[PDB]
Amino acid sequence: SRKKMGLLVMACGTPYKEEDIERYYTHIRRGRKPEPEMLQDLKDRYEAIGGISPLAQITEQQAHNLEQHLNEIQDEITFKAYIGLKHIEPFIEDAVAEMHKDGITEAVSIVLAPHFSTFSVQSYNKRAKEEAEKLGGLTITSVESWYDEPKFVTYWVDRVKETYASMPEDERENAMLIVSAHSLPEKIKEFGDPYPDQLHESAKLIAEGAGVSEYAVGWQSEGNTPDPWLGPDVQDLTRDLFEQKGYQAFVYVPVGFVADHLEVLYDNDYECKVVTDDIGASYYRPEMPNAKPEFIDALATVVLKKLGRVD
């Protein structure tokens, strides 16, 4: 009969309603409650992007669709998905405890961010494993990165091809592709963290597959701490490249992100769009993966490869 496995799907998390913003951002800010002006600003940003409720729904849909798709495409394992989040319930440790309570003894985990880093992916995986160890009798094998899964590369390659094909001739000959991920503190370098190298490799692979010769790599959405974060930031990079070469279209591929959350809908589609509007360039940002079948199939392949059950 089929082996039962937990499928632990991990992510940063998102507020579920406007009244969750305070606690969610306090958590991101390591216990520092946002001041009233910042709370109001954040509410306004979420209103501007179309509201909060759709956001956590994406992550739930990704986990649910991944469970169902994994269960349909092979006949050896029955997976049950559990969501574990960093900054709001259900927390990672809660998800692991629920797996253990439900009788799961063997699980596979994946983080909804394709590049490994010490700051996020490794920390999530270690937290999950540490909770399993505390409870006993449950083991987890963890996906560490998946940016190089061919099906995932192809998702973005094909979105980029469609965007370039849609352009007027003058833009298609004078466009710049900006490939980005969430900035992290530069000090990850002290550990040899491969996160920057992996973003650069994503960009190489996507530009190569799409036949785009002119591209650049940037970072976005840095936090506010006294130590430096990876740069350049996409807003600065856009303006600098425009000053250097006069590109008249910018195409943003925020490959580090998997969903229509604040980082994409605001930090690209508002903040980068301010810059492109200021310089007179066209703005393009192809569809994020969200829970679409092509992306879910890529993730299912990642999981089955991690378990050795497909070549």
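The numbering used is simple: start at 1 and walk along the sequence shown.
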Comparing mean C-alpha B factor in the record for 38-46 and 273-281, the higher one is 38-46
Avg C-alpha B-factor, entry values, 222-230 vs 180-188, higher side is 222-230
Comparing C-alpha B-factors across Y266, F257, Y252, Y247 in this entry, the winner is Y247
Note to self: of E144, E149, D170, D193, the C-alpha temperature factor tops out at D170
On the chain's distribution of Cα B-factors, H200 falls within the third called lowest
Of the three thirds of the chain ranked by Cα temperature factor, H64 occupies the highest
Quick tally, chain-level thirds of C-alpha B-factors: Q74 sits in the highest
Chain thirds by Cα B factor, record data; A81 belongs to the middle
Tertile call for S120 (CA temperature factor, within chain, third-based) is the highest
